[PDB]
Amino acid sequence: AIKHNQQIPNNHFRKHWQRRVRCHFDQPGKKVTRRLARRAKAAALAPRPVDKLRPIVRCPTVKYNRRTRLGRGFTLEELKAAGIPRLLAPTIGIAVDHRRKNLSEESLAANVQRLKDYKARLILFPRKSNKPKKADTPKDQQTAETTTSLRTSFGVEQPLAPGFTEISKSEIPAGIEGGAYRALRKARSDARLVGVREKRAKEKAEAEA
Amino acid sequence: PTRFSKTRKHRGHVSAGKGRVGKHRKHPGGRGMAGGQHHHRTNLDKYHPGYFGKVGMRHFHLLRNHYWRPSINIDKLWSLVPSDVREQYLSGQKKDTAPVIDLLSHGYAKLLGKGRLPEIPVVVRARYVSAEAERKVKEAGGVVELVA
RNA sequence: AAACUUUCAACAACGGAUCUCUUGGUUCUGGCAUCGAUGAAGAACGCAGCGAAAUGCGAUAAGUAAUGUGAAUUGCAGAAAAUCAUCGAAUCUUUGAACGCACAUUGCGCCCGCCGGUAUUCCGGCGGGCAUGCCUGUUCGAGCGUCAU
RNA sequence: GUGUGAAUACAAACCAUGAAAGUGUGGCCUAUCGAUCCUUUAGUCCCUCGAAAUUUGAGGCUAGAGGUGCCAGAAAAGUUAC
RNA sequence: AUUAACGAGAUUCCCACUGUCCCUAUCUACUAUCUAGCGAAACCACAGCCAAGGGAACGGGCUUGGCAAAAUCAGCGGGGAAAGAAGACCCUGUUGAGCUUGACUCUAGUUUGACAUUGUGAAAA
RNA sequence: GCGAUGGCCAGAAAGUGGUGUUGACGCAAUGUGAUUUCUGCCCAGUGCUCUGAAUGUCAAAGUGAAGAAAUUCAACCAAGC
RNA sequence: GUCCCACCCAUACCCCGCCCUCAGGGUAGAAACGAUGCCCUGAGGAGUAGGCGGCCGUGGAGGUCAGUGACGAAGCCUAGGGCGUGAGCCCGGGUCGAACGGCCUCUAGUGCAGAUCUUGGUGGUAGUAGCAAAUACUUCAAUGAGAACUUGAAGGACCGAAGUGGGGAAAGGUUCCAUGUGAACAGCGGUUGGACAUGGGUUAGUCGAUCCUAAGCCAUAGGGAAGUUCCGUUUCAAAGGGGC
RNA sequence: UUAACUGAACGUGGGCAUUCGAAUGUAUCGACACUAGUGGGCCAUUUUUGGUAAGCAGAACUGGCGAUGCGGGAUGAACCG
RNA sequence: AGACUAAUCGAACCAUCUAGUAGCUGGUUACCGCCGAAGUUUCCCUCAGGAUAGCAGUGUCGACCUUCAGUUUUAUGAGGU
RNA sequence: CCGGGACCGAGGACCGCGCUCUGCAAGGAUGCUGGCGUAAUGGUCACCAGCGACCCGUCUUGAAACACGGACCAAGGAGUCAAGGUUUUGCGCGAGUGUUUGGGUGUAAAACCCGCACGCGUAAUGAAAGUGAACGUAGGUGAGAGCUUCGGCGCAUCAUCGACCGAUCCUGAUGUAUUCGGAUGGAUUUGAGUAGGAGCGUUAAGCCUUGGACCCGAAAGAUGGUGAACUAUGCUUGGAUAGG
RNA sequence: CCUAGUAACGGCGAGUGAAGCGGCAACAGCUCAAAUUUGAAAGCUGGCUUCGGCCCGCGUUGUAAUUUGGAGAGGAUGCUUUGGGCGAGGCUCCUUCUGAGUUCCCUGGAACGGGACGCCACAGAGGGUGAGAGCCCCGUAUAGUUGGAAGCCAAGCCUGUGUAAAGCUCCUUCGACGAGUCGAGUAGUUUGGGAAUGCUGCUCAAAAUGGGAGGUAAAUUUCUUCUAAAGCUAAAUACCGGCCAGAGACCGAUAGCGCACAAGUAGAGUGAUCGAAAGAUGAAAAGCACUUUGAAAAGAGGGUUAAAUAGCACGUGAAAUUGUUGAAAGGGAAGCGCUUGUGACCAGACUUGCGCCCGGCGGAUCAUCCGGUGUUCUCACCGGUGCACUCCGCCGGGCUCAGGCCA
Ligand SMILES: [Mg+2]
Ligand SMILES: [Mg+2]
Ligand SMILES: [Mg+2]
Ligand SMILES: [Mg+2]
Ligand SMILES: [Mg+2]
Ligand SMILES: [Mg+2]
Ligand SMILES: [Mg+2]
Ligand SMILES: [Mg+2]
Ligand SMILES: [Mg+2]
Ligand SMILES: [Mg+2]
Ligand SMILES: [Mg+2]
Ligand SMILES: [Mg+2]
Ligand SMILES: [Mg+2]
Ligand SMILES: [Mg+2]
Ligand SMILES: [Mg+2]
Ligand SMILES: [Mg+2]
Ligand SMILES: [Mg+2]
Ligand SMILES: [Mg+2]
Ligand SMILES: [Mg+2]
Ligand SMILES: [Mg+2]
Ligand SMILES: [Mg+2]
Ligand SMILES: [Mg+2]
Ligand SMILES: [Mg+2]
Ligand SMILES: [Mg+2]
Ligand SMILES: [Mg+2]
Ligand SMILES: [Mg+2]
Ligand SMILES: [Mg+2]
Ligand SMILES: [Mg+2]
Ligand SMILES: [Mg+2]
Ligand SMILES: [Mg+2]
Ligand SMILES: [Mg+2]
Ligand SMILES: [Mg+2]
Ligand SMILES: [Mg+2]
Ligand SMILES: [Mg+2]
Ligand SMILES: [Mg+2]
Ligand SMILES: [Mg+2]
Ligand SMILES: [Mg+2]
Ligand SMILES: [Mg+2]
Ligand SMILES: [Mg+2]
Ligand SMILES: [Mg+2]
Ligand SMILES: [Mg+2]
Ligand SMILES: [Mg+2]
Ligand SMILES: [Mg+2]
Ligand SMILES: [Mg+2]
Ligand SMILES: [Mg+2]
Ligand SMILES: [Mg+2]
Ligand SMILES: [Mg+2]
Ligand SMILES: [Mg+2]
Ligand SMILES: [Mg+2]
Ligand SMILES: [Mg+2]
Ligand SMILES: [Mg+2]
Ligand SMILES: [Mg+2]
Ligand SMILES: [Mg+2]
Ligand SMILES: [Mg+2]
Ligand SMILES: [Mg+2]
Ligand SMILES: [Mg+2]
Ligand SMILES: [Mg+2]
Ligand SMILES: [Mg+2]
Ligand SMILES: [Mg+2]
Ligand SMILES: [Mg+2]
Ligand SMILES: [Mg+2]
Ligand SMILES: [Mg+2]
Ligand SMILES: [Mg+2]
Ligand SMILES: [Mg+2]
Ligand SMILES: [Mg+2]
Ligand SMILES: [Mg+2]
Ligand SMILES: [Mg+2]
Ligand SMILES: [Mg+2]
Ligand SMILES: [Mg+2]
Ligand SMILES: [Mg+2]
Ligand SMILES: [Mg+2]
Ligand SMILES: [Mg+2]
Ligand SMILES: [Mg+2]
Ligand SMILES: [Mg+2]
Ligand SMILES: [Mg+2]
Ligand SMILES: [Mg+2]
Ligand SMILES: [Mg+2]
Ligand SMILES: [Mg+2]
Ligand SMILES: [Mg+2]
Ligand SMILES: [Mg+2]
Ligand SMILES: [Mg+2]
Ligand SMILES: [Mg+2]
Ligand SMILES: [Mg+2]
Ligand SMILES: [Mg+2]
Ligand SMILES: [Mg+2]
Ligand SMILES: [Mg+2]
Ligand SMILES: [Mg+2]
Ligand SMILES: [Mg+2]
Ligand SMILES: [Mg+2]
Ligand SMILES: [Mg+2]
Ligand SMILES: [Mg+2]
Ligand SMILES: [Mg+2]
Ligand SMILES: [Mg+2]
Ligand SMILES: [Mg+2]
Ligand SMILES: [Mg+2]
Ligand SMILES: [Mg+2]
Ligand SMILES: [Mg+2]
Ligand SMILES: [Mg+2]
Ligand SMILES: [Mg+2]
Ligand SMILES: [Mg+2]
Ligand SMILES: [Mg+2]
Ligand SMILES: [Mg+2]
Ligand SMILES: [Mg+2]
Ligand SMILES: [Mg+2]
Ligand SMILES: [Mg+2]
Ligand SMILES: [Mg+2]
Ligand SMILES: [Mg+2]
Ligand SMILES: [Mg+2]
Ligand SMILES: [Mg+2]
Ligand SMILES: [Mg+2]
Ligand SMILES: [Mg+2]
Ligand SMILES: [Mg+2]
Ligand SMILES: [Mg+2]
Ligand SMILES: [Mg+2]
Ligand SMILES: [Mg+2]
Ligand SMILES: [Mg+2]
Ligand SMILES: [Mg+2]
Ligand SMILES: [Mg+2]
Ligand SMILES: [Mg+2]
Ligand SMILES: [Mg+2]
Ligand SMILES: [Mg+2]
Ligand SMILES: [Mg+2]
Ligand SMILES: [Mg+2]
Ligand SMILES: [Mg+2]
Ligand SMILES: [Mg+2]
């Protein structure tokens with residue numbers, strides 16, 4: 001029963017909500033458990049980094065179109081261009097995504113360069129120490145300062161384009177002939193009227209016979 | 001805290017400030033928004049005009065990302081430039097260079113024209129632009145270019 | 001004036017409040033994944049030198065073996081560890097999903113083997129067996145369902 | 001000083017009537033009436049059907065109508081002497 | 001409608017009979033009573049003499065009068081608007097339930113039609 | 001009311017069940033209530049029962065028409081009325 | 001009835017003291033001040049429902065008081081005091097035996113006369129109602145601290161064979177027997193007891209169960225049911241026993 | 001708007017007081033925010049309406065009781081103070 | 001006979017949903033200080049209840065502006081008791 | 001102008017108005033004297049006396065009520081917590097703000113540190129497509145605290161006339177994919193807008209909603225189980241009922 | 001976490017209500033059907049076996065190898081790839097072991113209290129011991145160490161070898177891909193899903209660049225995106241039910257679980273079920289020997305103890321209610337307020353303190369000066385001086401001032 005100038009209440013507590021309350025008194029203990037699990041898995045992956053190499057990926061929608069992030073895995077085309085065999089990639093710390101495609105040369109080239117840098121920085125120990133093969137690090141460059149976090153050492157260098165840039169005057173581009181606002185109005189109108197104009201044009205073309 | 005509440009002051013006084021005639025019963029008038037078109041109509045009409053009825057059309061499966069186009073005014077357009085470079089431009093230590101501002105990088109899609117602009121050329125890259133904003137940029141001596 | 005009633009006080013009663021205590025609850029957090037036809041959970045009945053209960057145990061019955069510790073247990077008695085810890089070897093009555101058929105009966109059977117009574121057949125004692133659904137395999141079969149001689 | 005019903009003066013228009021001035025926004029004045037939801041009409045180079053078009057269909061925006069007489073507006077028969 | 005017989009059924013009258021009564025009296029046993037022993041409960045704001053007045057219009061208390069002397073036993077049924085039991089009569093509640101129906105809304109069953117189960121023939125325009 | 005391919009009834013269903021180890025002198029459902037003497041008139045109403053044409057009403061399925069199709073419109077109808 | 005004089009007293013009026021509230025001022029070249037203090041002045045004070053402010057008290061937490069305490073903490077009793085308007089606070093005396101308090105913050109399961117409130121305890125009633133159906137007891141003796149209701153003897157009585165007799169079924173479970181007995185129970189008593197305690201007592205080929213089938217119940221084969229399970233009991237089943 | 005600067009409305013500039021144009025009071029002016037309880041009333045003077053009337057029922061103004069003690073009316077919610 | 005179905009019957013008993021809902025009855029716990037009501041308006045299946053306005057408290061803020069007034073006087077309107 | 005009596009003595013150097021001016025009765029009591037120095041005064045308790053005084057809580061117009069609850073005492077006993085909202089306090093930062101989903105770290109549920117995103121705010125309006133806020137020193141007029149060089153400058157805020165943005169109605173230019181585009185200026189219109197940002201987080205209080213929701217209380221409704229030892233009816237198998 | 005109380009649903013009322021993107025935690029990929037091994041069923045269960053194999057059976061109505069759409073199959077092409085065994089060393093696990101007062105004095109029954117003097121501390125967490133114990137005892141901190149089992153990981157070594165198998169680079173061609181299934185209609189239910197979101201029943205019933213989806217029903221034309229009707233798979237997530245463990249601004253015997261106890265017990269009900277009350281002597285039983293009265297229970301003495309009014313009706317021991325003793329009142333209630341009176345019983349105040357003269361006693365600073373320090377830099381302190389017409393204190397006398405109660 002409202003009695004004054006109140007915002008209309010819509011608190012969804014008409015079910016037995018107390019039966020499903022989730023408190024979080026275990027937040028610090030769960031954090032401790034997570035840290036212990038991370039330390040254990042890092043120790044298990046003794047010289048290797050604790051994660052897999054991920055590609056750069058552009059977020060889908062028109063919102064977030066401007067930002068890049070880490071994807072799931074590298075495509076077969078990216079691996080082939082980088083020269084890394086498909087069966088060999090997941091065994092040396094590279095994530096592989098078979099269902100992503102490279103629709104653009106820009107993304108393809110960026111991910112290929114990323115893979116090439118990773119391969120250049122990779123140290124590959126031989127399967128057996130007493131008989132190394134030609135594809136392994138030959139025991140001399142096997143000592144170096146390594147990284148155990150590929151998410152930081154191979155992160156997104158710049159998710160967004162630089163918002164500020166300086167150009168000299170007389171290099172200022174000439175504007176759109178009718179103006180940007182008019183250009184947007186014209187493009188909108190053309191998109192609206194594409195079908196009606198098409199049917200009218202074909203009707204006028206066929207009116208002769 | 002319980003020691004600051006008025007129930008402590010009501011100790012020793014029968015009815016706890018709820019009155020003797022009206023007795024603080026369970027739910028006189030109903031629960032929630034009962035009687036909106038009835039005994040509570042006076043309240044629901046004095047406040048909240050327009051509580052009842054339908055207006056407008058429906059949009060099944062509305063995806064809010066389609067309508068993402070935050071706007072920034074030309075009065076705060078210059079606040080997007082770093083403070084030292086902005087001060088250099090405003091004092092006039094360039095006058096041979098122009099700043100190129102990426103509204104999409106800063107998180108904006110449309111440029112609006114609320115404020116004024118100093119007479120300094122500036123290139124603005126925006127998805128959308130208002131007519132007044134475009135006119136004001138052109139009069140300041142710059143240009144807006146559409147970038148998607 | 002006593003008695004009686006009432007009031008006040010001291011002491012004594014009745015009762016178990018108050019104070020203090022707490023081998024108990026309650027709540028949160030962390031670790032772990034391990035019941036049963038190789039018979040579980042649960043139930044019954046028994047077991048101690050002197051126990052009714054609780055706890056423990058199963059006719060090897062307040063427990064046996066084994067390992068560790070190292071001198072008790074204790075209410076009394078007794079004796080030459082322990083009502084100790086641990087626990088990998090055993091025992092584990094009648095039951096119970098409960099399994100020969102039953103069961104409101106400590107009821108009634110069948111099979112194998114041994115030991116006695118003159119005994120393949122009856123009686124007695126002892127031991128081991130006899131549920132259902134389904135799977136794989138084995139063997140023995142049924143059907144003009146069907147194939148050759 | 002919320003609706004509803006009524007009512008009063010003026011502006012936009014384009015009409016009626018009188019030579020005019022003027023009068024006329026229903027009945028000389030005081031009564032003669034009706035929300036949300038739904039539906040049906042009227043209105044336009046109007047908006048949407050959200051991958052893109054055309055045509056059906058549907059949905060919106062503005063103004064009326066279909067009604068709640070318990071008339072600020074639930075959808076509603078009795079009996080109990082058990 | 002009548003009806004013999006039957007009836008711990010309802011009703012009127014008659015004979016007999018009697019304490020139902022005129023109109024009460026008396027007797028017996030067991031209580032009550034007193035004692036030894038044992039030993040509750042209901043109920044209880046505080047309590048307990050009235051008259052009138054006023055007052056929530058029927059006072060134990062208030063006002064004004066009458067009055068008024070310890071502690072007690074057996075009876076008693078005027079009063080305590082005495083004790084039971086949150087009135088069952090009546091009304092209210094946007095509280096029920098049992099039952100009824102041509103109330104509103106449904107429903108088991110049932111009836112009929114269609115599709116499927118459902119195949120193989122012939123004949124009739 | 002019923003002659004078993006049934007009547008009345010039970011069941012969530014059933015290769016289910018009761019009546020039924022039954023068959024009209026039986027089973028089932030009602031009313032009145034020994035014997036005696038009788039039990040009159042009324043079928044408009046509500047039921048029940050019987051016929052559904054010269055008659056009207058109707059769903060799904062099916063048929064025809066229009067449509068580009070969704071659909072719309074027409075005829076046809078079993079039971080029930 | 002009218003007129004006159006004096007007198008009586010409300011928490012009202014007037015003067016004074018004090019409390020609080022409200023209002024208006026003063027107070028730093030600080031010899032200065034719980035400045036949230038002090039000093040000066042004026043007015044005002046009813047109150048249910050209700051609002052606000054300030055304070056008192058309780059359990060627990062942080063800081064602090066170099067806090068109190070077996071030479072006596074807490075609690076409890078007190079016709080012994082002091083302070084505060086008040087809720088309350090402090091002290092004296094007694095009892096007692098192990099913890100506790102003040103100050104500033106923090107915190108709450110924080111303040112009772114009621115709710116036919118909850119649990120527990122205890123009154124008046126009150127030594128009161130009452131312990132009155134089933135005919136009934138008496139004498140002597142023994143026992144014993146104690147005898148109407150223990151026992152022996154005698155007398156008087158009842159049940160009067162559809163019994164107050166003698167045995168069983170259900171049900172009970174040791175109540176049966178012996179010995180002993182303080183309390184409790186036997187609505188009086190009690191030496192007595194179906195009570196309490198310590199020990200004993202139930203012997204079957206023939207009496208029953210066990211065997212048989214009845215009404216009926218549960219399986220099986222099958223069929224239903226999401227399933228717990230329902231029907232089914234001979235039914236649409238390849239379902240057994242006799243000899244050499 | 002008028003025939004017209006001729007009006008209407010709003011102003012610029014200048015002037016008024018040798019006296020801001022009745023009385024009394026000012027023991028309080030205005031705006032805002034958030035919210036409690038209440039939404040059974042009853043009594044009295046005067047004016048009344050219905051009723052034979054009622055310690056009856058219903059209204060207007062004001063004052064009271066409710067919410068309020070104190071003196072008086074012996075006794076009292078409202079009367080007098 | 002609405003009888004009986006374990007002292008329970010116009011729908012047994014047990015546990016749970018369940019602390020079911022109640023515009024209705026009862027109760028609702030220290031002190032002091034200051035302020036201090038309403039039973040009326042409009043709407044409501046509204047009439048023992050709500051919302052709404054009023055009455056009340058608290059907190060402020062504004063120049064607390066030289067204004068305000070349940071009053072008189074003067075001047076000037078309206079009314080049909 | 002003279003008497004007679006009662007109650008009272010607030011304040012605490014001077015300061016001031018003054019007078020009858022070596023002083024005073026003038027901005028509040030001093031002087032002298034006596035008894036006692038303790039239960040004498042005074043406090044507490046018990047009782048008598050004069051006057052006064054109905055039983056509390058509650059509902060109610062009205063209670064001491066012949067209205068209800070209360071025999072008595074001890075202990076327990078009723079506006080809580082969470083989410084969301086709002087206004088007002090106090091804080092931090094401020095066109096920004098919010099570390100604690102998470103990561104790093106640790107003396108390990110603390111404290112400390114980190115950042116991408118995200119929420120709210122910074123822009124509204126319309127059903128929507130969409131469009132989207134300066135003529136003026138961010139306007140004019142009247143007030144307006146405070147400053148002022150005394151001429152005016154004018155905060156907050158109020159009233160008022162304008163300007164800008166969106167929507168709705170009008171028109172309707174240059175143009176043309178000839179059916180699209182919508183310039184210009186005009187509305188008795190309209191918006192929770194602009195017109196030199198105030199918000200975000202947090203703390204406390206009142207209030208609101210949902211929740212058991214201040215505490216106790218229905219008649220009912222539903223789901224799943226347990227009973228025919230009483231009783232009802234029936235089936236199977238038994239038993240019993242003088243004398244006339 | 002956010003999206004978001006949003007889109008949407010709803011007598012559009014009450015109310016209900018997701019998802020994509022985005023940040024993070026955790027990340028893991030795979031195998032069947034659909035192919036002829038066809039120059040050799042190459043596969044598997046069971047039994048026997050010296051270990052080499054044998055036999056039966058399953059299976060061609062298809063058990064192995066190859067292939068799973070990310071492809072693959074077939075060809076070229078040149079490179080590249082692989083099996084076993086140790087294993088220092090480290091992390092685990094079990095096990096042995098851990099610093100310092102019981103020193104002196106007082107109180108006490110008992111120091112674990114108070115005072116004095118010491119010590120240890122990577123240990124001053126906790127508990128016990130006759131009262132608050134770091135050093136009396138168990139434990140507590142730290143990495144170590146005694147002995148042992150061998151669970152894991154692992155630097156690096158030792159040693160087979162390309163018949164076979166495996167990857168990559170290019171390619172004309174080929175390129176099998178799940179049916180009463182999808183889909184459609186209708187009905188019911190469900191969802192935010194709205195001309196129908198999922199699920200199910202019934203009816204109809206597919207196709208091969210086909211099919212599904214693309215949140216408004218339909219026809220037509222495009223586009224995008226995946227590839228159903230077969231299958232497996234850590235982690236991040238839920239949960240205190242089970243077994244262990246650590247904690248708390250929680251409760252403290254009417255509280256906290258119903259249960260701190262022989263509690264799911266005693267007891268009730270035919271049954272399903274219902275379901276309590278009940279902790280504390282003392283450090284130690286030292287749990288009262290013995291005498292006496294009594295039939296006994298018990299009493300009175302006496303004893304134990306720090307204490308028996310701590311005596312198994314046991315820590316403390318309130319109120320209601322009761323008994324005795326003492327005081328008082330009472331002519332149909334009592335209680336209570338204001339005010340005296342009587343009686344009883346009491347708290348305070350006071351019994352001095354200030355000054356000034358006159359004597360006595362004692363002391364050594366009292367002014368001043370010198371030096372050294374401090375400090376507020378001019379005010380003190382400490383030493384040396386002083387040395388009695390100073391200064392201080394204590395007695396005796398006199399005087400002054402004030403100070404209690406009632407007048
Ligand atoms: Mg609920
Ligand atoms: Mg009050
Ligand atoms: Mg109340
Ligand atoms: Mg109310
Ligand atoms: Mg006692
Ligand atoms: Mg066993
Ligand atoms: Mg067996
Ligand atoms: Mg077996
Ligand atoms: Mg038998
Ligand atoms: Mg033999
Ligand atoms: Mg065989
Ligand atoms: Mg054969
Ligand atoms: Mg209408
Ligand atoms: Mg309608
Ligand atoms: Mg479209
Ligand atoms: Mg309508
Ligand atoms: Mg109405
Ligand atoms: Mg007759
Ligand atoms: Mg009598
Ligand atoms: Mg007697
Ligand atoms: Mg009494
Ligand atoms: Mg009388
Ligand atoms: Mg009277
Ligand atoms: Mg009375
Ligand atoms: Mg008398
Ligand atoms: Mg009598
Ligand atoms: Mg009487
Ligand atoms: Mg009475
Ligand atoms: Mg009643
Ligand atoms: Mg009503
Ligand atoms: Mg009903
Ligand atoms: Mg009923
Ligand atoms: Mg008939
Ligand atoms: Mg007829
Ligand atoms: Mg007829
Ligand atoms: Mg027909
Ligand atoms: Mg005063
Ligand atoms: Mg007051
Ligand atoms: Mg607490
Ligand atoms: Mg003490
Ligand atoms: Mg002690
Ligand atoms: Mg409480
Ligand atoms: Mg109480
Ligand atoms: Mg009270
Ligand atoms: Mg008697
Ligand atoms: Mg009697
Ligand atoms: Mg007698
Ligand atoms: Mg007798
Ligand atoms: Mg003798
Ligand atoms: Mg006798
Ligand atoms: Mg006889
Ligand atoms: Mg006989
Ligand atoms: Mg016998
Ligand atoms: Mg017998
Ligand atoms: Mg029997
Ligand atoms: Mg004997
Ligand atoms: Mg007796
Ligand atoms: Mg006796
Ligand atoms: Mg005896
Ligand atoms: Mg004897
Ligand atoms: Mg016995
Ligand atoms: Mg026999
Ligand atoms: Mg036998
Ligand atoms: Mg069966
Ligand atoms: Mg079957
Ligand atoms: Mg109302
Ligand atoms: Mg209101
Ligand atoms: Mg009334
Ligand atoms: Mg009311
Ligand atoms: Mg009246
Ligand atoms: Mg009232
Ligand atoms: Mg008054
Ligand atoms: Mg009076
Ligand atoms: Mg009847
Ligand atoms: Mg029963
Ligand atoms: Mg009965
Ligand atoms: Mg029932
Ligand atoms: Mg029940
Ligand atoms: Mg007042
Ligand atoms: Mg209505
Ligand atoms: Mg009422
Ligand atoms: Mg007239
Ligand atoms: Mg008139
Ligand atoms: Mg005196
Ligand atoms: Mg009196
Ligand atoms: Mg009344
Ligand atoms: Mg009262
Ligand atoms: Mg009365
Ligand atoms: Mg009443
Ligand atoms: Mg009542
Ligand atoms: Mg009573
Ligand atoms: Mg307690
Ligand atoms: Mg209490
Ligand atoms: Mg409640
Ligand atoms: Mg609430
Ligand atoms: Mg209830
Ligand atoms: Mg019920
Ligand atoms: Mg219902
Ligand atoms: Mg049931
Ligand atoms: Mg029976
Ligand atoms: Mg006979
Ligand atoms: Mg829906
Ligand atoms: Mg829902
Ligand atoms: Mg040690
Ligand atoms: Mg000593
Ligand atoms: Mg010491
Ligand atoms: Mg210690
Ligand atoms: Mg597939
Ligand atoms: Mg459907
Ligand atoms: Mg369902
Ligand atoms: Mg659906
Ligand atoms: Mg679409
Ligand atoms: Mg894609
Ligand atoms: Mg699949
Ligand atoms: Mg799976
Ligand atoms: Mg308890
Ligand atoms: Mg207790
Ligand atoms: Mg309990
Ligand atoms: Mg029982
Ligand atoms: Mg005790
Ligand atoms: Mg004592
Ligand atoms: Mg003691
Ligand atoms: Mg004691
Ligand atoms: Mg007492
Ligand atoms: Mg006195």
Side-chain angles (χ1 to χ4, degrees), chain A residues 1-14 16-18 21 25-29 31-34 37 44 46 51-52 59-61 63-64 67 69 76 85-88 90 95-96 98-99 127 129-130 133-135 159 185-186 188-189 192-201, chain B residues 1-8 10-22 24-46 52-66 71 73 76 110 112-116 130 132:
Chain A
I2 61 171
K3 190 173 170 82
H4 299 102
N5 193 6
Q6 316 272 352
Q7 181 190 297
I8 298 306
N10 67 316
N11 295 307
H12 296 203
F13 286 138
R14 320 224 312 166
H16 305 308
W17 56 276
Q18 302 110 318
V21 183
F25 304 114
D26 59 317
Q27 173 175 43
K31 190 180 179 178
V32 171
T33 298
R34 269 184 252 114
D51 36 4
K52 304 298 200 297
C59 306
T61 48
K63 181 185 183 182
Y64 307 113
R67 207 174 77 228
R69 55 165 175 79
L76 295 174
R86 173 198 312 195
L87 293 172
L88 184 269
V96 179
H98 68 80
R99 73 183 72 88
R127 274 165 91 145
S129 50
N130 60 297
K133 307 301 181 179
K134 183 178 179 180
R185 295 296 290 172
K186 167 67 65 166
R188 179 186 171 279
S189 64
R192 308 264 300 174
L193 295 170
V194 61
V196 152
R197 285 179 180 156
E198 213 139 278
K199 90 167 296 195
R200 253 211 301 279
Chain B
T2 67
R3 74 197 181 282
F4 301 131
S5 53
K6 271 304 181 297
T7 166
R8 310 313 306 176
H10 288 306
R11 284 279 188 258
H13 312 277
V14 296
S15 69
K18 297 305 198 286
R20 292 179 183 263
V21 182
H24 190 192
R25 291 277 159 85
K26 302 305 291 283
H27 285 274
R31 297 201 187 210
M33 305 285 312
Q37 308 180 128
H38 321 287
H39 52 298
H40 293 140
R41 175 179 165 152
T42 43
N43 179 281
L44 248 61
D45 274 11
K46 185 181 182 90
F52 294 103
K54 293 188 197 175
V55 163
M57 68 193 88
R58 265 142 26 182
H59 183 153
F60 304 148
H61 187 234
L62 202 158
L63 294 174
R64 292 283 184 191
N65 280 187
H66 294 179
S71 50
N73 289 304
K76 283 174 189 289
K110 182 158 190 175
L112 296 183
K114 179 178 177 174
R116 280 180 177 151
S130 168
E132 202 74 341

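Every chain is numbered from 1 and lettered A, B, ... according to where its sequence line falls, protein lines coming before strand lines.
- Side-chain N or O atoms of B/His39 include one that pairs as donor or acceptor with a backbone N or O of B/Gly29 at under 3.5 Å.
- For the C1' atom pair drawn from K/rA187 and E/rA114, the interatomic distance equals 15 Å after rounding to whole Å.
- Rounding to whole angstrom units, NZ of residue B/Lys18 and P of G/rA49 are separated by 14 Å.
- The groove approached by A/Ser129 is the major groove, where a base N or O atom falls within the 5.0 Å limit of a side-chain heavy atom.
- The six-membered rings of D/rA77 and D/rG78 are stacked: centre distance under 5.5 angstrom, interplanar angle under 30 degrees.
- For K/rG70, the base is stacked against the aromatic ring of A/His98, per a cut-off of 5.5 Å between centres and 30° between planes.
- Remark: the bases of K/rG231 and K/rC30 meet in a Watson-Crick or G-U wobble pair, both edge contacts within less than 3.5 Å.
- The partner of K/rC2, taking Watson-Crick or G-U wobble pairs whose two distances both stay under 3.5 Å, does not exist in any strand shown.
- Consecutive residues C/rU105 and C/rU106 form an unstacked step, taking six-membered ring centres below 5.5 angstrom and planes below 30 degrees as the test.
- Separating the NE2 atom of B/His66 from the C1' atom of J/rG130 is a distance of 17 Å, rounded to the nearest angstrom.
- Residues K/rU60 and K/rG215 show neither Watson-Crick nor G-U wobble pairing with both defining distances under 3.5 Å.
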